[PDB]
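Letter by letter, the chains look like this.
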Amino acid sequence: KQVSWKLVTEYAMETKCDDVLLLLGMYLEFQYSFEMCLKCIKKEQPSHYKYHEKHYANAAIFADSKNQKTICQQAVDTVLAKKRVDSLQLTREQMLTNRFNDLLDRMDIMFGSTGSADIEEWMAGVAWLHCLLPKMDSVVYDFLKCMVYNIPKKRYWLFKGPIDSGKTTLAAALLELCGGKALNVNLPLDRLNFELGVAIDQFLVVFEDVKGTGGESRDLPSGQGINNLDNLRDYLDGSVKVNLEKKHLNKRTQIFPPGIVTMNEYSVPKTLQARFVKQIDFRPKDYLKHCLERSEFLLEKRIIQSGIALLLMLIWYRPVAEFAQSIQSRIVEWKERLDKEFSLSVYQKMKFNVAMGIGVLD
Amino acid sequence: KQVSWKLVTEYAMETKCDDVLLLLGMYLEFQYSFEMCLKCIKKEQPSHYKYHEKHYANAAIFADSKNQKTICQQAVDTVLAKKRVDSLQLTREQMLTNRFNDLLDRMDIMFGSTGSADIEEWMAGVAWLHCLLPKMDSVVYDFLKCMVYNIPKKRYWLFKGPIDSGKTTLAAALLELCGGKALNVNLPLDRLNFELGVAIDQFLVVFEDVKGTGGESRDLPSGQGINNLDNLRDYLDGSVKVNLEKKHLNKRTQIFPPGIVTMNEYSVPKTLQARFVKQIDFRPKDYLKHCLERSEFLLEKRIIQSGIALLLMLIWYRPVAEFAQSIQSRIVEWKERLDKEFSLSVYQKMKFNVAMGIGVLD
Amino acid sequence: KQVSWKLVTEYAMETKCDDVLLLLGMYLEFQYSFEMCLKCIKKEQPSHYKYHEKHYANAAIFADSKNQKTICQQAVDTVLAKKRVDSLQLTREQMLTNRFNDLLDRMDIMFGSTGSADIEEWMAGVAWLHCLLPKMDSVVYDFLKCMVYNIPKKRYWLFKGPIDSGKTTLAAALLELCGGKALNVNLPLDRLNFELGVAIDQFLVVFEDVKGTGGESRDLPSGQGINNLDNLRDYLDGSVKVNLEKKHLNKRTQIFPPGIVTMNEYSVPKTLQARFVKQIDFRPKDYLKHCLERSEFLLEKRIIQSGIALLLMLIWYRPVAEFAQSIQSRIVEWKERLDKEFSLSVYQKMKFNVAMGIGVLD
Amino acid sequence: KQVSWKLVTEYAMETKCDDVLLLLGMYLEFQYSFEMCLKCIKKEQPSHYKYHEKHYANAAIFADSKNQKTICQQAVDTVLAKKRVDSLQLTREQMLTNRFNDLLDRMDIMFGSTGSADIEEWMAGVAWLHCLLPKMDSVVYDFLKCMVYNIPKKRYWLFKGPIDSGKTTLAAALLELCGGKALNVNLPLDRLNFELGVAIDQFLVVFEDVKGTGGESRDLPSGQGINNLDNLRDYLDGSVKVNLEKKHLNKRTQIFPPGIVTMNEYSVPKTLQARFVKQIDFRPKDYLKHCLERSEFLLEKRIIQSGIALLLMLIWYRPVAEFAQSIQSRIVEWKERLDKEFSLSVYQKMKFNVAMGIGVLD
Amino acid sequence: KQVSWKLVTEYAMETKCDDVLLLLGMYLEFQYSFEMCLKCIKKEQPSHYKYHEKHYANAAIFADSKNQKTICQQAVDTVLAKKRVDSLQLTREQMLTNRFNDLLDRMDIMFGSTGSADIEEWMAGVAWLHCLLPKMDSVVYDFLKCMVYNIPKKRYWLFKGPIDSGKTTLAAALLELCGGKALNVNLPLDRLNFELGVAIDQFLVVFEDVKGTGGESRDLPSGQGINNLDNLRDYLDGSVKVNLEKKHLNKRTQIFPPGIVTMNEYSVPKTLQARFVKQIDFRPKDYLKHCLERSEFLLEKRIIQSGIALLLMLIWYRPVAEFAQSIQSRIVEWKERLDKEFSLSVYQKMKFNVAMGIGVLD
DNA sequence: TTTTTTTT
Ligand SMILES: Nc1ncnc2c1ncn2[C@@H]1O[C@H](COP(=O)(O)OP(=O)(O)OP(=O)(O)O)[C@@H](O)[C@H]1O
Ligand SMILES: Nc1ncnc2c1ncn2[C@@H]1O[C@H](COP(=O)(O)OP(=O)(O)OP(=O)(O)O)[C@@H](O)[C@H]1O
Ligand SMILES: Nc1ncnc2c1ncn2[C@@H]1O[C@H](COP(=O)(O)OP(=O)(O)OP(=O)(O)O)[C@@H](O)[C@H]1O
Ligand SMILES: Nc1ncnc2c1ncn2[C@@H]1O[C@H](COP(=O)(O)OP(=O)(O)OP(=O)(O)O)[C@@H](O)[C@H]1O
Ligand SMILES: Nc1ncnc2c1ncn2[C@@H]1O[C@H](COP(=O)(O)OP(=O)(O)O)[C@@H](O)[C@H]1O
């Protein structure tokens, strides 16, 4: 009779679809008789088999239309507008909710019908990291609180240690868990400005290890970067909004994000020391390294670097109540998986090997 | 009466033609008398001679239209939309089985009654290839599966070595096999982005003989590509979907494809070396030179460059079971045809001549 | 009564016009009475006087149309589509065969009943070219085969020799013969993209007198041409499809054409030297200066730099069977014409005149 | 009742207007009654007063139109299309003959009952110009021939010698005599892409005041025009079609025009020197200066800069036969008008005063 | 029951608006009843209250239109078209005469019965300006003739004198009297390209604050202004057209307008000095300082900045025959008003009183 | 929108 633009836009919202070509492509598939549709029969894609029957009648009429792309364009605008309306009104925790939500929806892929890897050696990495320092389970949820609360000045941690402390590898896992971006400070002041603009609207950041003048006595490479840092004062504080330099575009100005920093054992000014919520402190504990010499697969699957290992760790150790109300109901079912799939004695044996420097699976 | 955009699009889908000009041009040929059509009579191009009889009536009406380019637009979009929907809803495995079917379809024609090239000339290429490196098929199979798995970080291989070592030649055959793209990166960075646009929805990518810098005392002019690459490391990871770009079009959020790289032997930043799965060396060889002066027709016909040679090679060397179940029937059918065609004496006589470097066929 | 867009499209196709403003301007001329048409009466241009009477009735309606630019766009798009269809489906021999037939049509006009050009002045041009190099005739035939075969990494000829050696001139004649374009690579990288865009869907490219560096020892002003070109090793090799641009147009993927590089005598890095297949020397010969200074009709009519003189050279010298099967008869016909209009002794005299450095005619 | 677009296209053709705004703005004036049109009754502007009463009724309906800019767009397109057609089909001789015709209309108007000029003032300018160089009128004739002939590589004239020697004054007169525009090439190289875009479809070019190096020995201020020119080597040669670019436009491929280069006594490289036919060294001659001091009216009215001055010179000195055959009728009539007014005594009076350094106008 | 596009265009022409958004917003205000319109009632802006009552009805229909921006575009086109026609067809004297009428109109408001401004304070303005230089009112008349005649070479004036000696004040008032724009030359040459784009279609330019190289000779600050200038000898002398450019616009060509250069006591080459018609020396005179320090309404109301004050100065001092016949009537009416409102003794007293450095108006 | 601009 004629195409209902209404029904096309419903599907776009329903499927959260926001590519005009994908929307066109998928909606076109409904034009055959769902009554016999082989995808419906095999229930291969929910984005098809949940919808075909309702949309079929409209899809037959859509297939004949000479306006097809324009119908899909309006539909996608509705979905982009919905994101933009919502984006204006997120709490910081709601961001974190979604960041994690999507990682949970990735973790399916690791083990399920895709089955890309093994939840076992994943948990072996979880065991391997937990031993490095106290109570890592709590430490994550503590850092997490800080990044939602975003309390002025009370917003930053310093990972000080030697070189080869592991802090970079941890930093990878943290940023991998939480999002954000990494950034430099070891530049001529001249050049630096645009690098600072890279932060624009990241939730979180990490700063790369900064070349402390005179450090080469410590045999730590030494120079401009720390001189730059303390001149960046108010960016840390988050007291007031601040201008940001995009290349090839004009200024934007906003509250600078909270985040993380990395440090060899260089000199630190009192002023610079004063900024932090804490130092957290890292060193060689080489039986762990010899456990790695016996656990090499964790580097190969790269699980040791994994913020997903952190996600798994919280999913284990912490109270279900400790998660945000709704997504609690997801942590339940991963625990239901994990905790029957893995006893304490299993996790124990693993941690014992690591603590003994023995290969974690030995 | 009135153009059926339906029948236009149906031709576009069935040819997989995906350019408005190429579609526009070819469809216009159909406006003339099929009963007299010299192309149909001489069965010159199947993309014509099959379809003309069916499309003729509509093509005459199309030849009158004032809308012509707009009709071709909606047709071509249906082709891309189908591609992109498959680019999500297929496994990479099923993608290759689809790709292999299409190449097998070409082979069936090329050595059919049309038969327009000698099987033994084409096979002589396979000898040259499995002669270039040992275990050639086996490394080829290893590369293929690495590209099916596409597992993050372990997504890139390097070819490194001097001029005329053959590395370019091999990449061409793999790329003709796998259906990827080459990309050029010896270029200004803030102008490069649309090069990555080309990678949208592709299976695989190749980077060709990038300008490094330093060691140019060896007469190797320096350039920026290595800096560009390690700056662009964020793509190589396969970490998370990135929003790729194309002019006057909506951006395309996707995982960046895996790929392979070729290099005359500049320095690498060890960080840039840190990205790879593997290196392979390549070595100019006089005997593999001298043979071509006689066997010139191989290179004239680009045989040793072309992925059809690889497919014939894998059909030769590999177990039927190594191919996916879906295609294994055709693998049997084609093994039988190679088994019919050749004695090992023929094959080994040639491979002997190839080792001599003269008189490959004798 | 309405415009026939079909008549416009046919006109554009038949004249191979592919510029919307040329088409627009040309078609408007036909709005006047063809009987009174002084251009027809004079027979100024064939693209007019063959057509005016036939298109007159439609041009009178076109002159009133409100749509004009849109109609012309469609007609031009049809011509463009034909080129793309041809480019993908014809063998390179057919492309050259078609290009040869066209030049032979011009020669049917230039030396037609009008006698509009002097066949003796044109033939005189051939002799001066023939003395430009050793075995000139062979050198042309070799070059055509090379371009038609389009063999990987055997695709480029280097013309090298002093200022005013003749190399630019020989390139220019070959370029017209095959059809293709010149490109100025000395410009800076940021605009080279659209420079290379020129080459899309062309038979040859010519790179002109690229600047090297350090030859200012010899006062050869340095420039980036050589450095620029060594970014583009990939393009010369013809081994993989490259991505080409136009403004407000998405990239086109295809193989980069073969061609010629002219060269005042800067140095060459082996990466680039490896990619040429043949270097040809050129030298000042004062007696050619003395001849040209007394034979200046050669330059005024651009005879020696034009392509048609090379075709006449081929006709004078090659066995007919060396021409592609279809044109062989037209070659027989022109051979007879030339053999009739000139003796061999006349040609010997013309060569001798040039050898003496006297004006070509006595 | 509706707009005649044909009447607008006539006006655009008639005025040869090719700015949509200028066309629009003028056409809008015709909506008031010619009967009262004070511009008509002042009879000040030809492109108004000739036409108002014809277009009147259509201008009133155009005033009410909702489409106005589209109508003008089609009209300007037609005038533009006319130029492109002509730029292929005309000989350079017909072009020059046309350019003369238009200047001759302005000469008829200027010295008409407009009263608007004193031919005695303009003729004094001819005496000044003819005094500046030996054999001045033969120099103009030789230059005009050179531009009509456009012999490859033999295309450019180089003007040298001190500042304030009138070289740019002379260049302006030739540039107004022909069609063409000037360019400034001492620019940043990357901007130069759009600078050369100005040359598109024109007859002459003048490169204005190229700066070299070494001349700063005299403190000729140093610059890079010389080195920039030497990159445009193929543009000077005019041997093959170069690629030319405007903002937001795809390149048009075209033979770059012939022209003039003006400079002080910097050096020129071999390669660039080789590309000039003729070198004119102007010299300071203070009797000319003291004449001009007492001859202020020349520069006040821009006489000695102006191509109209040269044209009066040619009509004086050159035989009637030297003009293209069509205009010889008008030329004879203007020769009569000159001699009817100026006795040779008057011209000898003038040249005598100039030679004396006396104010010319006895 | 339709929008009259004509009434909207008449309003745009009437107000001389040429920004579509400024045009749009203002017209929509008329849709409310003018009869209670507070903007009418308060008599805020003439551009509103003159027209609200007239366009009310058409604005009421306009407010419902779905076409609104499309209407405004055609309206703005009309105003730009008027400027474009005027930009070619008027004498420089006629341009200035139009400019003067606008200032005279604005004076009728400022000093009206609605008069926002004290004509007595503005007369104090004229006193302080008349004190600033020798021979002031004859100096202005001579500057104006110079800009109107625009005689080549002899086009430019140089202001110099100490810091805080009035030079930019006078320049800004002259710039406002004529219209024009200021320019900054003290740059690296790359940006200088778009700087000059400002000058397109201006009647005047001012080169402010030209730094001399090595001005610390005087102990002035150094800068490249002078060395940047003297490249541009064509631009000042204005005998010939120059290419001019704005961001995102194709180049245009015109004579560069006449203007002023200002500086402190830097060096001037004779190469620069010969560019100038007159050099005006300013001096700090302390009674003016103490007068401003007792007459600050001058500064605070910006009186001595404003072109109106130079217009008033001309009206009071100059003979009527020095204006154009077009405006001589208005000049008489204003002269009558001022000669009624002020005695010669009273204004003579102000000049005497400013000579005392006491505040103007006691 | 791209392009041009920004950027070097
Ligand atoms: N191993 C080899 N031994 C000898 N000749 C070779 C070998 N491989 C390639 N060739 C010759 O070198 C030509 C170019 O090969 P190819 O482009 O693959 O080499 P490459 O090492 O990638 O070169 P480049 O670094 O210059 O691009 C081939 O066409 C063939 O003629
Ligand atoms: N072999 C020759 N001997 C003498 N004069 C020559 C010779 N070849 C060309 N000429 C003259 O040199 C002019 C320029 O020729 P051409 O442009 O082909 O030379 P080129 O070596 O390519 O120069 P360039 O590098 O400067 O462009 C010709 O027009 C002719 O006048
Ligand atoms: N031969 C001459 N001898 C003396 N004065 C001259 C001579 N020719 C020109 N003049 C004076 O030189 C003035 C400047 O002329 P013009 O701008 O054309 O000089 P130019 O030397 O060609 O300049 P540029 O090098 O800046 O292009 C003229 O207006 C005239 O007053
Ligand atoms: N002749 C003068 N005598 C005394 N004070 C003066 C005089 N002219 C200007 N002033 C004072 O100088 C201040 C600044 O004037 P103005 O901006 O025109 O100076 P300038 O020297 O032209 O500046 P600049 O060169 O920095 O642009 C005025 O506001 C006024 O206080
Ligand atoms: N417990 C440990 N014992 C010994 N070495 C360690 C330990 N943890 C980390 N390292 C060393 O740190 C090296 C680099 O890890 P990284 O995350 O980069 O630390 P950093 O950022 O401090 O350099 C590792 O290769 C490892 O040898």
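Residues numbered from 1 in each chain as written, not as in the entry; some residues may be left out. Chains lettered and ligands numbered in written order. Part of a larger assembly, values for the part shown. Heavy atoms only, no water.

Method-wise, the PDB entry is recorded as coming from cryo-EM, at a reported resolution of 3 Å.

Chain C makes no contact with chain A, the minimum C-alpha separation between the two being 16 Å. A minimum C-alpha distance of 18 Å separates chain A and chain D, which share no contact. (Contact = heavy atoms within 4.5 Å.)

Residue and element names in this part refer to chain E. The side-chain alternation of strand β3 (residues 205-208) yields two buried faces, one formed by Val 205 and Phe 207 and the other by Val 206 and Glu 208. For the crossover from strand β2 (residues 181-184) across helix α11 (residues 189-197) to β3, the handedness is right-handed. Across 3 bridges, the pairing between β3 and strand β6 (residues 259-263) is parallel. When the bridges of β6 are listed, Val 206 appears paired with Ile 260. (Buried < 20%, exposed > 50% of the residue type's maximum accessible area, 1.4 Å probe, protein only. Helix = DSSP H or I, 4+ residues; strand = E, 2+ residues; numbered from the N terminus. Right-handed = clockwise from strand over helix to strand, strands pointing away. Pairing = 2+ DSSP bridges.)

Another aspect to go through is the relation of the copies chain B and chain C. For the pair chain B and chain C, the best superposition has an RMSD of 0.7 Å and corresponds to a rotation of 58° with a translation of 1.6 Å parallel to the axis. Such a turn and shift between the copies fits a six-fold axis. Different-surface contact between copies: only 9% of interface residues of chain B are shared with the interface of chain C. (Least-squares fit on C-alpha atoms.)

A separate point is the site of ligand 1. Neighbouring ligand 1 are 16 residues; B:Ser165, B:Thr168, B:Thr169, B:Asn264 and C:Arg275 lie closest to it. What surrounds ligand 1 is not a single chain but chains B and C. Take B:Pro162: an N or O atom from its main chain is 2.8 Å from an oxygen atom of ligand 1. A distance of 3.4 Å is found between a nitrogen atom of ligand 1 and a backbone nitrogen or oxygen belonging to B:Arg283. For ligand 1, whose free accessible area comes to 630 Å², the fraction covered by protein is 92%. Here the shell around ligand 1 gets 3 residues from one element, more than from any other, and that element is helix α10 (residues 167-178) of chain B. (Near = heavy atom within 4 Å. Polar contact = N/O pair within 3.5 Å; in protein donor to acceptor, adjacent residues only side chain to side chain. Areas by Shrake-Rupley, 256 points an atom, 1.4 Å probe, with all protein chains shown as cover.)

In this complex, chain B contributes 17 residues to the contact, which on the side of chain A involves 23 residues. Buried surface at the junction of chain B and chain A, summed over both partners, amounts to about 1,800 Å²; 48% is from carbon and sulfur atoms. Across the pair A:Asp64 and B:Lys6 runs a salt bridge whose closest N-O atoms are separated by 2.9 Å. Viewed at the interface, chain A and chain B are joined by 8 residue pairs in polar contact. Elements represented by at least two residues in the side of chain B that touches chain A include exactly α1 (5-15) and α6 (68-89) of chain B. The residue inventory of the side of chain B that touches chain A, partitioned by class, reads 6 nonpolar, 5 polar and 6 charged. (Buried area = accessible area lost by both parts, 1.4 Å probe. Salt bridge = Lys/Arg side-chain N within 4 Å of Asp/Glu carboxyl O. Nonpolar A, V, L, I, M, F, W, Y, C, P; charged D, E, K, R; others polar.)

Before going further, it helps to spend a moment on the protein's contact with DNA strand F. Taken together, 17 residues lie around DNA strand F, and B:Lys247, B:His248, C:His248, D:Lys247 and E:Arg191 are the ones closest in. A distance of 2.8 Å separates a phosphate oxygen of DNA strand F from a polar atom in the side chain of C:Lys247. In the model, a base oxygen of DNA strand F is placed 2.8 Å from a nitrogen or oxygen of the C:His248 side chain. Of the residues in the surface near DNA strand F, the class split is 3 nonpolar, 5 polar and 9 charged.

Relative to the helices and strands, C:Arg191 is located in helix α11 (residues 189-197). Excluding anything up to four places from it in sequence, C:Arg191 contacts B:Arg191, C:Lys247, D:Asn193, D:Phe194, D:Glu245 and D:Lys251.

We now examine the pairing of strand β6 (residues 259-263) of chain A. Residue and element names in this part refer to chain A. Counting buried positions along β6 yields 5 of 5 residues, so the element is predominantly enclosed. Bridge count between strand β1 (residues 156-160) and β6: 5 bridges; the pairing is parallel. When the bridges of β6 are listed, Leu 158 appears paired with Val 261.

Once their charged atoms are close, side chains differing in charge can pair, the charge on each being opposite to the other. Residues and elements named next belong to chain C. For the structure on display, the rule yields 105 salt bridges over all chains. Between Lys 82 and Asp 86 there is a salt bridge; the shortest N-O distance is 2.8 Å. Here the residue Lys 82 and the residue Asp 86 both occupy positions in helix α6 (residues 68-89), the gap between them amounting to 4 residues, near one helical turn. According to the relative accessible area criterion, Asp 86 is partly exposed, its value standing at 23%.

Let us look at the site of ligand 3. Taken together, 17 residues surround ligand 3, and among them D:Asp164, D:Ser165, D:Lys167, D:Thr168 and D:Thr169 come closest. The local environment of ligand 3 is shared, drawing residues from chains D and E. D:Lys167 places a polar main-chain atom, nitrogen or oxygen, 2.7 Å from an oxygen atom of ligand 3. Interatomic distance of 2.9 Å between a backbone N/O atom of D:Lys285 and a nitrogen atom of ligand 3. Relative to its free-state accessible area of 640 Å², ligand 3 is covered by the protein chains to the extent of 88%. Elements with a minimum of two residues in the shell around ligand 3: α10 (167-177) and α15 (286-293) of chain D. In terms of residue count, α10(D) provides more of the shell around ligand 3 than any other element does, 3 residues in total. Of the residues that constitute the shell around ligand 3, the class distribution is 7 nonpolar, 4 polar and 6 charged.

The partner chain C presents 44 residues to the 46 residues of chain B that form the contact. When chain B packs against chain C, the two sides together hide about 4,100 Å² of surface, and 51% of this comes from carbon and sulfur. Looking only at chain B, the three residues that lose the most surface to chain C are B:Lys66, B:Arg191 and B:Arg302, adding up to 15% of its buried area. The interface formed by chain B and chain C holds 7 salt bridges in total. When the shortest N-O distance is used, the salt bridge between B:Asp164 and C:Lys153 registers 2.9 Å. Taken together, chain B and chain C are joined by 26 residue pairs in polar contact. For the side of chain B that touches chain C, the secondary-structure elements that each account for two or more residues are α2 (20-29), α5 (52-64), α6, α10, β2 (181-183), α11 (193-197) and α16 (296-300) of chain B. Per element, the largest residue contribution to the side of chain B that touches chain C is 7 residues, and it comes from α2(B). Class assignment for the residues of the side of chain B that touches chain C results in 18 nonpolar, 11 polar and 17 charged.

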